[PDB]
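Quick notes on the structure that follows.
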There are 4 protein chains.
Amino acid sequence: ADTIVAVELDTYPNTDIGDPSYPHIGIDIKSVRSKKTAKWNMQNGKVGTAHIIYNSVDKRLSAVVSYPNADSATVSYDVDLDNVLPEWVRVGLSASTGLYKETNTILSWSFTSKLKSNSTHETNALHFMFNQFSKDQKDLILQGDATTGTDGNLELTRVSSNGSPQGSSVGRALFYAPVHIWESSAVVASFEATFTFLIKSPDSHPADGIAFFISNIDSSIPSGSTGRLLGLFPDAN
Amino acid sequence: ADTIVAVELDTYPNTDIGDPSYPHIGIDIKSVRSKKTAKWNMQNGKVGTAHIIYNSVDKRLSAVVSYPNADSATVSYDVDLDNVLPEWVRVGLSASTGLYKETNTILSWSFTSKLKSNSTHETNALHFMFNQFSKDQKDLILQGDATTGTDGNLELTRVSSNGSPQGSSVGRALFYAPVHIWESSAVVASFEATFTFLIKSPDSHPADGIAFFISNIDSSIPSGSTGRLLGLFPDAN
Amino acid sequence: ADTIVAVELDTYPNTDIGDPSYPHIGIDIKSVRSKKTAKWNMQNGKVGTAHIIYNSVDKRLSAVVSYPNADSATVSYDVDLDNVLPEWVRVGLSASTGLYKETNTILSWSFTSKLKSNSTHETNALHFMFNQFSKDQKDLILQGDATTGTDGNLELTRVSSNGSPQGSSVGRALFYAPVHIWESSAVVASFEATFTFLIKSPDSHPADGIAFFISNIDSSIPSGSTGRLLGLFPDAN
Amino acid sequence: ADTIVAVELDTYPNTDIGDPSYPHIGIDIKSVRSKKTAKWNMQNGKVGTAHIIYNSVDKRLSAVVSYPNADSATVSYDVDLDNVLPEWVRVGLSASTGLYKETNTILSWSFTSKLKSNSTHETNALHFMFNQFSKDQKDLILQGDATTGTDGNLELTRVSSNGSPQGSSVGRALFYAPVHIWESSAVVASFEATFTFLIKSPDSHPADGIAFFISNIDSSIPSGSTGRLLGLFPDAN
Ligand SMILES: [Ca+2]
Ligand SMILES: [Ca+2]
Ligand SMILES: [Ca+2]
Ligand SMILES: [Ca+2]
Ligand SMILES: [Mn+2]
Ligand SMILES: [Mn+2]
Ligand SMILES: [Mn+2]
Ligand SMILES: [Mn+2]
């Protein structure tokens with residue numbers, strides 16, 4: 001039902017469904033089986049940063065993930081989003097845990113989209129930036145186990161009182177306002193997203209990951225999408 | 001019921017309710033009877049621009065209106081918005097006509113709000129800019145007679161096929177996402193709004209005006225607020 | 001001597017040096033003989049807009065040129081600017097006329113460059129926007145025949161009192177501050193430039209064109225670069 | 001000679017020249033004897049943040065300084081900068097030490113100035129943001145003992161190898177490009193500056209302070225302005 005385009009930070013290798021045998025970043029177009037992936041040297045307990053960029057002229061979705069003092073990981077995929085997504089969409093973050101677990105903490109999130117028309121100086125834009133989340137964040141649609149306010153952070157999946165991450169959890173956060181990514185008179189459409197995250201697990205095998213995604217405006221968590229499905233897909237096809 | 005703070009571009013002098021005897025700009029705090037006004041040399045048929053600014057440190061709401069090749073008009077009022085408005089609000093534009101009429105056309109509208117916390121680099125922001133409006137503008141809540149899409153503009157009040165403005169009309173447009181204007185750990189909160197408009201009337205006496213406003217998130221057009229009430233207030237108290 | 005990367009809006013076809021037989025937009029890497037070009041339906045006397053974009057992840061320089069009510073023209077070229085340009089550069093606009101002529105008027109110009117480091121939230125940026133130019137624009141380095149202030153515009157090449165464009169003219173405008181386009185710890189570097197222009201000629205054959213360019217910081221107009229050389233190259237190799 | 005407007009973070013009370021008897025923030029208009037001050041609970045060794053704002057409509061220069069987990073300090077002063085400063089100016093940071101000392105480390109610095117003209121959509125802007133400084137920062141004019149690059153920070157005054165601050169030191173950093181703060185057709189001019197700093201001293205009595213300042217473009221450090229004069233004034237009048 002839902003149309004999903006996402007950049008996944010996959011912490012657990014499910015080789016039975018196409019994941020490489022190591023943590024990786026990937027670009028998912030309507031399927032959890034990434035169209036392209038790159039090895040990611042994930043660091044348990046460290047704050048990392050992900051940057052996602054795209055523009056309608058080049059038609060290439062690219063993402064870069066890094067941690068301080070370390071080399072980055074990058075992945076790119078040629079795709080025309082006009083042919084995949086509706087004209088109006090919502091953007092958000094999703095995460096899940098299953099048998100294995102980890103905290104999926106978001107410390108900041110910014111997004112900027114621009115539509116440049118052929119009229120002189122005619123440019124439409126939307127920009128939001130969160131460097132702190134409140135208990136009652138009215139401009140976010142929280143789904144599943146996601147909550148905001150703990151230490152000013154956004155916890156996508158369940159975490160107990162003692163800070164311990166729970167398994168079989170799924171949660172998403174979408175920006176309240178729909179986003180216009182295509183318009184008939186637009187000559188250039190582009191967006192850039194950045195978010196900082198903290199994945200921590202008491203185990204040697206963290207799971208399952210975090211994903212930045214773009215979807216139809218009325219998207220909701222598919223049934224049974226905990227674990228390897230990242231709260232984004234109904235199955236592994 | 002609704003809590004309204006607005007900057008009015010009042011084209012018709014209703015001296016019976018406190019308006020000066022000439023077109024004017026004014027700052028309205030919960031009442032159509034402006035707390036402060038300034039003479040405005042309105043130009044029928046010309047595109048004008050309004051700028052509104054405010055910050056929590058100075059606690060002064062100021063507005064400047066101008067037309068190309070002409071001197072500007074300015075008005076300021078000392079007011080602490082924390083004591084007037086809720087923590088979360090919606091921002092929008094409103095306009096009305098009555099016995100007398102005019103077109104209340106909006107050609108562009110931008111808004112920027114920032115909340116700077118005491119945490120290092122911790123800053124929250126929201127920014128939107130419309131330089132063109134679509135027939136189906138999903139990020140705007142249109143109320144009353146307001147419509148978008150005609151020539152890429154936002155028509156706040158009714159206009160016939162031949163471009164002729166109708167009387168007894170009222171319409172408003174609010175940005176879809178709620179806006180956070182106060183937070184317990186914020187050291188500075190501020191906003192700036194800019195919109196360009198085209199007020200045109202076939203008559204020597206245009207009415208009633210356009211207003212930029214901030215209100216509780218669930219605000220709706222009060223009954224009988226056409227004409228002198230600008231689609232904002234239930235009465236003239 | 002100078003290292004030049006430029007996007008040319010070439011109005012005169014010099015087929016003897018590789019130009020296609022029609023006005024065109026092209027990407028020039030250290031040579032006036034464009035690495036790639038696209039047909040451009042230039043409109044004499046109309047205000048057009050050019051958008052240039054690039055990022056270090058995709059390594060693709062793309063440009064889009066358009067006029068109101070018309071289809072756009074686009075050109076892209078895969079090039080790693082790190083391998084062509086110095087770490088610090090200046091950005092500017094250049095134009096020329098020769099035997100044939102045209103006005104090379106710039107009405108607005110904006111530029112944004114960003115360097116995102118691997119440190120958390122660590123981002124460096126520079127942004128400038130001119131929608132009007134003054135007689136004494138201290139933040140611009142004017143070279144050759146370029147002047148600012150006439151009607152608030154930037155005239156890159158000589159125009160007489162009666163508004164008539166002169167031949168054999170060359171002029172450039174560079175932003176005063178050097179721009180940092182590469183840094184050892186940067187994970188993503190990108191820039192976007194936009195400018196609106198008005199090319200008008202009394203003749204059926206306008207020449208020679210306008211170019212947005214990036215160069216070493218101490219770049220100056222090469223001798224004899226009027227005409228087909230666009231004020232950028234010392235010869236046609 | 002120089003014309004200086006500055007916001008001082010004064011760490012040492014020189015009661016003989018008008019300082020209150022405690023660390024304080026103040027607004028200086030052409031004199032080290034602040035026109036207005038506010039008590040500042042300075043924290044040795046902690047990273048603080050200063051925000052400075054001003055606009056031509058309200059004509060009020062305000063500043064807010066804070067540290068994480070602490071209440072802020074604010075100071076405001078009504079002043080028309082058009083009557084004090086030239087049309088073109090440079091903005092920068094200055095610091096000094098004398099008999100007493102401290103490190104005057106700047107970790108980030110951002111600035112935004114805007115000039116809104118009465119022409120439709122006509123807006124000029126300049127924005128820069130440094131979250132990291134390089135050894136060779138070509139867009140900064142360093143004066144005196146100021147250096148960049150150590151740990152990616154800007155050290156305004158001398159610090160030895162072991163990280164120990166030196167006395168009798170003075171240094172300033174100015175952004176390379178001049179800034180336009182007034183224009184004949186501007187209806188609103190405004191600026192906002194933010195910088196984060198780390199003042200650390202091995203002594204119970206740190207000195208002398210850091211100041212954000214605006215000056216004539218060719219400003220240089222006055223002779224003998226170490227110590228209480230903050231590298232800004234030639235004497236204490
Ligand atoms: Ca997986
Ligand atoms: Ca009235
Ligand atoms: Ca040519
Ligand atoms: Ca002192
Ligand atoms: Mn995967
Ligand atoms: Mn009124
Ligand atoms: Mn060519
Ligand atoms: Mn003092």
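The header says neutron diffraction, 2.4 Å.
Cβ coordinates come from backbone N, Cα and C, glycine included.
Some features that Swiss-Prot has for this protein:
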{"type": "BINDING", "residues": "A:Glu8, A:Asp10, A:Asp19, A:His24, A:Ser34", "note": "Mn(2+) binding site"}
{"type": "BINDING", "residues": "A:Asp10, A:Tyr12, A:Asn14, A:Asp19, A:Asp208", "note": "Ca(2+) binding site"}
{"type": "BINDING", "residues": "A:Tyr12, A:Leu99, A:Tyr100, A:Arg228", "note": "carbohydrate binding site"}
Alpha-carbon spacing, A:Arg228 (carbohydrate binding site) to A:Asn14 (Ca(2+) binding site), which is rounded to whole Å: 7
Nearest recorded site to A:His24 (Mn(2+) binding site) by CA-CA distance, among binding-site residues A:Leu99, A:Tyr100, A:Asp208: A:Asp208
10 Å Cα neighbourhood of A:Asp208 (Ca(2+) binding site): matching binding-site residues from A:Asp10, A:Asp19, A:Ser34, A:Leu99, A:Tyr100: A:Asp10, A:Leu99, A:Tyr100
Rounded to the nearest Å - Cα separation of A:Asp10 (Mn(2+) binding site) and A:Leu99 (carbohydrate binding site): 15
Rounded Cα-Cα span from A:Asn14 (Ca(2+) binding site) to A:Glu8 (Mn(2+) binding site), Å: 13
Rounded Cα-Cα span from A:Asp19 (Mn(2+) binding site) to A:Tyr12 (Ca(2+) binding site), Å: 8
Sparsest Cβ surroundings (other CB atoms within 10 Å) among the binding-site residues A:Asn14, A:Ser34: A:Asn14
Residue from A:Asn14, A:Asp19, A:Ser34 whose C-alpha is spatially nearest that of A:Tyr100 (carbohydrate binding site), among the binding-site residues: A:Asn14
Which of A:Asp10, A:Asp19, all binding-site residues, has a Cβ with the fewest other Cβ atoms inside 10 Å: A:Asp19
Three-state secondary structure, A:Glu8 (Mn(2+) binding site) (per DSSP): strand
A:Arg228 (carbohydrate binding site): secondary structure state under DSSP, collapsed to three categories: helix
Most crowded position, judged by CB atoms within 10 A, among A:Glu8, A:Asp208 as binding-site residues: A:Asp208
Whole-number Å value for how far A:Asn14 (Ca(2+) binding site) lies from A:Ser34 (Mn(2+) binding site) (Cα to Cα): 12
Residues near A:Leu99 (carbohydrate binding site) in space but at least six apart in sequence (CB under 8 A): A:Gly167, A:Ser168, A:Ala207, A:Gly227
Cβ-centroid neighbours of carbohydrate site A:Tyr12, A:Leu99, A:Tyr100, A:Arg228, 8 Å, sequence order: A:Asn14, A:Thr97, A:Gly98, A:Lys101, A:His205, A:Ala207, A:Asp208, A:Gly227
Distance-selected binding-site residues near ligand 1 (C-beta under 6 Å), from A:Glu8, A:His24, A:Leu99, A:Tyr100: none
Output field, Ca(2+) shell: CB within 8 Å of site CB centroid, site A:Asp10, A:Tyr12, A:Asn14, A:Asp19, A:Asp208 dropped: A:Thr11, A:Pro13, A:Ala207, A:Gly209, A:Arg228
